[PDB]
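This text opens with one protein chain seen in two forms, each one given by itself as structure tokens under the names structure 1 and structure 2.
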Structure 1
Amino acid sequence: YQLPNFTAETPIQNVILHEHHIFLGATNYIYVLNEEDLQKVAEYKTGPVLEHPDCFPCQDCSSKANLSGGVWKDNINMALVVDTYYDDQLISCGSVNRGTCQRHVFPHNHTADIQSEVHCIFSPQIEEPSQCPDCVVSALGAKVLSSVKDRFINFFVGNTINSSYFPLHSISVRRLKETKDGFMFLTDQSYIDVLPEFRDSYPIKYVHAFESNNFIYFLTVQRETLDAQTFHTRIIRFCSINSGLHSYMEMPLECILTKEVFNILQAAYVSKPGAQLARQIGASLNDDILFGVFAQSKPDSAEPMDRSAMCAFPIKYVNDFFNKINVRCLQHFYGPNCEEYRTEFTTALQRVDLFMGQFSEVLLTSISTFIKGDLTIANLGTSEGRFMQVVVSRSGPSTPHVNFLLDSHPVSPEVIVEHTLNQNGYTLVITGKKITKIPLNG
């Protein structure tokens, strides 16, 4: 259809909505669009960046001399975070420059000015140079979450790692200093890493991260056991206390059809339910619920197979099942042989498909959720570029009331869902190097 749209010069990774402007994180570019019609206002060129042995990140290398180039590299945006607390500012983190972050500050009376004030977040670490706190993001795959606690900003990161010694962390928390120059790991318990032994053998994909019920939750796809080839979905959950990661416990998230096991999480979304769904699942109108789109695996692989499910987990039931003691210590942190021990739960938490096998012949690669009266609706994307909206209800699946090819490229899991006054608003949906505005109610 004729829906508001913008095609980019380069593929789009991340997106954030702030002060009536859409900010696209794309290869070598941050684009700034108009909320109304997706009209391009301003663009920032982030790459391609020259990697040189004599250059250090966030120092003005122009000034050195006639620099004979090392490698030119494409600056893929790995993360895009809005801070409102220290400044009115946008923090972007690139694949290039050691996974360093840069922050764009907004002039008071001009929202769209990403080029005016741009500070680079890096401070030379001399005592222990191998330990870089300002090196945030992995070019393989990275998930950034930005909490505000006790008038100080924390960054919970989840980096995918294969062996490249030089020095990032699998799961970590770092505090952005009040001077805003750099980050700092407070304790040695502020991070958890995969052992040098299993960096390549045991890879971890960080699907989604979110704060809820005074906890931090990370969703992840990894091997079921260090030895085993069969792949797995897990819900990591740790406490935020003492400026460290405490009470860290991975446990398996399962989605079954009735056993067909949809064992790989493709995308996820945390939201409130509609009165109809709330009643059905034993939940309340204010309760956070993790909506998660799963997929069946090719055997001995993490690759999906064009067979999707979708199942809901109210975090309050996730936490209850978590507080139930059976157990092993975390296989990948130690060797194989809220309050000090890093844990791996044996038994999977499982849930019945909420569509009851309605999508067994398609690959779902995206999910949003919004509420219309008593009904909960879900904005599904697909690998074929097929969008669709469908009512959610455990008691009887339903034909998608909207459904059409938005593009040929897969629908990205990176999504926005805004509300205008009157409860009706829109969804922003990415397909390759194209973003489109779709309304919620038809």
Structure 2
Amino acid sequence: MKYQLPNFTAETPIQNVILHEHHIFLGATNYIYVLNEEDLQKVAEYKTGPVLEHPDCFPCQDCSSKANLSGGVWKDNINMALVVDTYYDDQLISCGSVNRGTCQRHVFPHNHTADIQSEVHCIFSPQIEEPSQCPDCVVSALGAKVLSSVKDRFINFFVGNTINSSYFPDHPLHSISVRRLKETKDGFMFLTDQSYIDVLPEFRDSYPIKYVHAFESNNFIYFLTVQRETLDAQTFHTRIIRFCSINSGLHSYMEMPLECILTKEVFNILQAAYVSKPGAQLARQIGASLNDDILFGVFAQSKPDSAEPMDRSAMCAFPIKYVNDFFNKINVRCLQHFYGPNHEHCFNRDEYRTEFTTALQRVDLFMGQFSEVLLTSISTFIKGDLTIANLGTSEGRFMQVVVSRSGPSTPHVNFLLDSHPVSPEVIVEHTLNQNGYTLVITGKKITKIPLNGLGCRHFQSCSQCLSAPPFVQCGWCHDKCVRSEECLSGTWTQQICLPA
């Protein structure tokens, strides 16, 4: 028995979601679907693939005409980034796996937000200055995390790329990079050589780096990664990268591990992360103000000396003020995957790249309630004095549960959304008096789940409804169990069950 909520089924998988001007932009395989916010009805679509690959057919130059070729290969366009620029003339910047991870700006016509096909420009400018570099080569097909920030009157792009040995002539990709988009909007550009920090070519395969989440807070950029503990190490880590939010380069770069213990068993692999403010009750228990940015992270146990999750999940909260306090404390190593583990730089003491010796540890807020499921999505919100967590399963179950340390909480919403796992990429929209919705991706389906009300629909009879946990605020409305505001009739009680 399941709920009827606005859904949308795409012809291919959904990779990234964006919400802009009452329009849902989906980043799908070979498509960019454009839905309507209210009903999730496909208003437009843009065909992004398949795209034909040829060792001479360069990026941003079409070759549908070169179909019958001695070395031709049909590739799929898997969306890696989807960014909405509103600083310059409103445009959707989209990036795919193909064309050497080139991006494209879909300029919106002045009165039609749904028109994604009219103005489309490919961000590529042939590098004459130093043909040894590629700033228009943003994204990797392996894994990519893009973060847009207007800073010093320019649109800066912080990038996290997953690499392999695959060497490229004149077109390489960078591990962590900061590039500013030119006002001519024809290309990007790295200001200095400092602007990027790559894994040494020896380690490109031995050391795979998964960039789980990226965010900006308190004048700093932060990246959340899944990498090895050390070069020679056989086991996997979750790290918190941080660097002074500047345009010219990656300054005051630092990486520290994060530990999610259960009191000393470790859930070493971050599956999803969400940064939000805390509700009053939990704020008190984590030592945070109502206005403190908090990194909530859903972690998983890794198969011994592997990186794949184990269906044993947890969730711990990292108040960024505390995360920052750790970085501002003095011991410390050199960045072993970027610098040489043996090089002269590592032994000395902006300019340098720090790796932290110890970790920041936090206990599972759910106290092992999820140690027998695989949590893949997280989104947090505030209800009154409460902090509710929206959680997705690898099994395709979506659940809402109260985040508190003052005794464990059972989820008040729990149901199968689809069969396919839940996507970490979520959307939380907020409306007046704490009641919006989430956007949950499950393969080729995107679902619009309301923040408060689903708890009530789990009660079939008035008697069942009348004895619901008080916080869900459930009442009977003639023939249904719903919140006060959802009852448009006047027959709302939490005390009476008339005859039937």
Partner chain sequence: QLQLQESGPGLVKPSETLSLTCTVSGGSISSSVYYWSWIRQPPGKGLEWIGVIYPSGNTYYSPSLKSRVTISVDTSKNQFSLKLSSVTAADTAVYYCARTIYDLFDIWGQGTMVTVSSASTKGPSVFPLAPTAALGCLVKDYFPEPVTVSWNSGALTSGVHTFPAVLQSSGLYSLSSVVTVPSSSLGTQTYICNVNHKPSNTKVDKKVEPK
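Numbering for residues begins at 1 and runs along the sequence of structure 1. Each form is matched to the other, and the largest set of C-alpha atoms that superpose within 1.5 Å is called the rigid core.
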Handout entry: Label of the structure corresponding to the form solved in complex with the partner chain
Key = 1
Practice task
Superpose on the rigid core, then report which one of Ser398, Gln39, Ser408, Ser68 has a CA displacement of at least 2 angstroms between structures 1 and 2.
Solution key: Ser68
Exercise for the section: For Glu128, state whether the C-alpha moves by 2 Å or more between structures 1 and 2 after rigid core superposition. Expected result: yes
Practice task
Can you read me the CA shift for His108 between structures 1 and 2, rigid core superposed, in Å?
Solution key: 1.4
Practice task
Quote the shift of the Cα of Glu418 between structures 1 and 2 to one decimal place in Å, the two forms being superposed on the rigid core.
Solution key: 0.3
Handout entry: Value in Å for the CA shift of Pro53 between structures 1 and 2, taken after the core is superposed
Key = 2.7
